[PDB]
Structure formats: structure tokens, C-alpha cells
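Shown here is one chain on its own, the form deposited in one PDB entry, set out as C-alpha cells.
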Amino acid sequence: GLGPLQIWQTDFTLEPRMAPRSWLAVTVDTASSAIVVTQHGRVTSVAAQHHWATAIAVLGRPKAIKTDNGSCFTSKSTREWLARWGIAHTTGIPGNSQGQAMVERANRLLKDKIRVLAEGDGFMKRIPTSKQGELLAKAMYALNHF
């Protein structure tokens, strides 16, 4: 009612411990601080849309999504996908310098958690491909659920 606006922040961050699908797409729901992360082999417009399809299934449809000016986010294809869903998109002030410190902070907490969990299982370098999915799901659980 007087509750926070439903605005998300989304960004891509590279994590070589998760190669070959080392591009992690991370969305922070600013109203709840919930985080959703998915893994991708390449940063393309389609990877961003696949990420947000997953995020909408888990968090519901937001009123707006804030991103940086990465081309996977400002292409015609991504713009039409967001219009199809009725979601407003902003890159904020053109040289906002900040504006998405929340997702930036999530990126760092996420990578730290993947490293500590991986090293706890004995993987000091790249995580074996077959173990990556449960390890990413474990890091996401750890940052969301208390």
C-alpha cells in the first residue's frame, strides 16, 4: 500500500569458477532484497530474457527493471521482450555513476559465497560441471534464506 515499489536491478557478472557457463545473471528485487541468479554461456540479449523469465516465475512481474547500458539490455530484441511483458525499463541517469549499488553488492556477496562453498567441497579452481547447478542453488539459498 505504502510499501516499496516493485523495482528490480539486474546485471551480469563473470565467474570463471562456473565455466563454461561463467556468465552469471543476477537480479535483486529492491523491495525485498531477494536475489535470483542463473548461469549462461554467453552474454546475449536472449540470455537476459531467459534470466528474467526465470526471475518472473520466482518473484512475480515487477513494475520496472533498472540495468546499466550493456547492449544485451538495450537491444531492440530485449526492448520488445520487456514491452511484451508490460515492464518498464530504465538505465537511470545517463552517468548515474551508481543507481545500482544494490546489484553491485549482490554480485560481490554471490561470488564470495560461491568461492567459500566450492572450497568447502574441495574445489579450489573451476567447479566440476556436474556440481555447478546445486552449488549455485546453495549459494542463492544462503543469500536469501535465514
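Basically, rigid core = biggest C-alpha set you can superpose within 1.5 Å across the two forms. Residues that one form lacks are left out of the comparison. The first residue of the shown sequence is 1; numbering continues from there.
Between 10 to 18 and 126 to 134, the higher mean Cα B-factor belongs to 126 to 134.
101 to 109 and 35 to 43 differ in mean CA B-factor, and the higher of the two is recorded for 101 to 109. In the PDB entry, a CA B factor belonging to the middle third of its chain's modelled residues is recorded for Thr67.
Ranked by C-alpha B-factor against the other modelled residues of its chain, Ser77 falls in the middle third. Among all modelled residues in its chain, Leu2 ranks in the highest third by Cα B-factor. Ranked within its chain, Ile93 lands in the highest third, by CA B factor from the PDB record.
Here the subject shifts to the form deposited in another entry, a form of this protein not shown in this document.
The one residue among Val116, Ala101, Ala83, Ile93 whose Cα position changes by 2 Å or more between this form and the one not shown, with the core held fixed by superposition, is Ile93. Every Cα shifting by 2 Å or more, across three or more consecutive residues, marks a moved region; comparing between this form and the one not shown on the rigid core, the sole such region is 92 to 99.
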